[PDB]
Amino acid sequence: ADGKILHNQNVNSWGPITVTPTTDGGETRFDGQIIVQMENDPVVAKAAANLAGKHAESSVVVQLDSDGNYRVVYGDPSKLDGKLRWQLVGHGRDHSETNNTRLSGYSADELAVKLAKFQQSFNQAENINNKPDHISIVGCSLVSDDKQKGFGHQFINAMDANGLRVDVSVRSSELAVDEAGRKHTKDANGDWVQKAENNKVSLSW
């Protein structure tokens, strides 16, 4: 598949990020979150920085590469406790009948294994004993339009197969993140809209 160009190799060669905290972020149900940046694309890095700005006091941005090497590019992993969210940021690619099949070059199965290894490596190198309760998939069209099939479904299941029983929110449409770290999706007329529930599904066991 010959989609948008991809830079997921070698985290040390990636651009760093600047997180400008927001003032209108409000409250989150997660005591902490990891924003996991899955590729070096400028738009992905910006989206990742923007999301962190929404809950700056309780967010860590990690960049994780195709070798499983990672680096913290914002925040303090030590400060993480309680109910956690992961927001995965990258480009969806390789469209099909059930929408995109790969996030940042990874199939749902391959991504699950990466994150399972990452969880293990991260928790031991940063002295933490905390897993995610939720994974928000911040990439375009990674679940079928009817919400029944696609990457999202394959992913939640493969995560469970790799030791991680999580909830998964995932979008069936094009996705953008604004400067305030808020998600936008596209409507029928192809306009950017906010909180369009027919553009997302929350998968739960």
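Don't overthink the numbering: it's just position in the shown sequence, from 1.
>> So, looking at the entry's B-factor column for Cα atoms, which has the higher mean, 127-135 or 81-89?
In response: Comparing 127-135 with 81-89, the higher average CA B-factor belongs to 127-135.
> Out of 48-56 and 141-149, which stretch has the higher average CA B-factor listed in the record?
Replying inline: Per the deposited B-factors, the answer is 48-56.
> Mind checking which third residue 204 falls in for C-alpha B-factor across the chain?
Replying inline: Its C-alpha B-factor, which the entry lists for residue 204, ranks in the highest third among residues of this chain.
> Of the three thirds of its chain by CA temperature factor, lowest, middle or highest, which one includes residue 94?
Replying inline: Ranked within chain, residue 94 CA B lands in the lowest tercile.
>> Split into thirds by Cα B-factor across the chain's modelled residues, where does residue 26 land: lowest, middle or highest?
In response: Within its chain, residue 26 is a highest-third residue by C-alpha B-factor, going by the deposited values.
> By the record's CA B-factor, is residue 167 among the lowest, middle or highest third of residues in the chain?
Replying inline: Middle third.
> Within this chain, which third does the Cα B-factor at residue 17 fall in: lowest, middle or highest?
Replying inline: Middle third.
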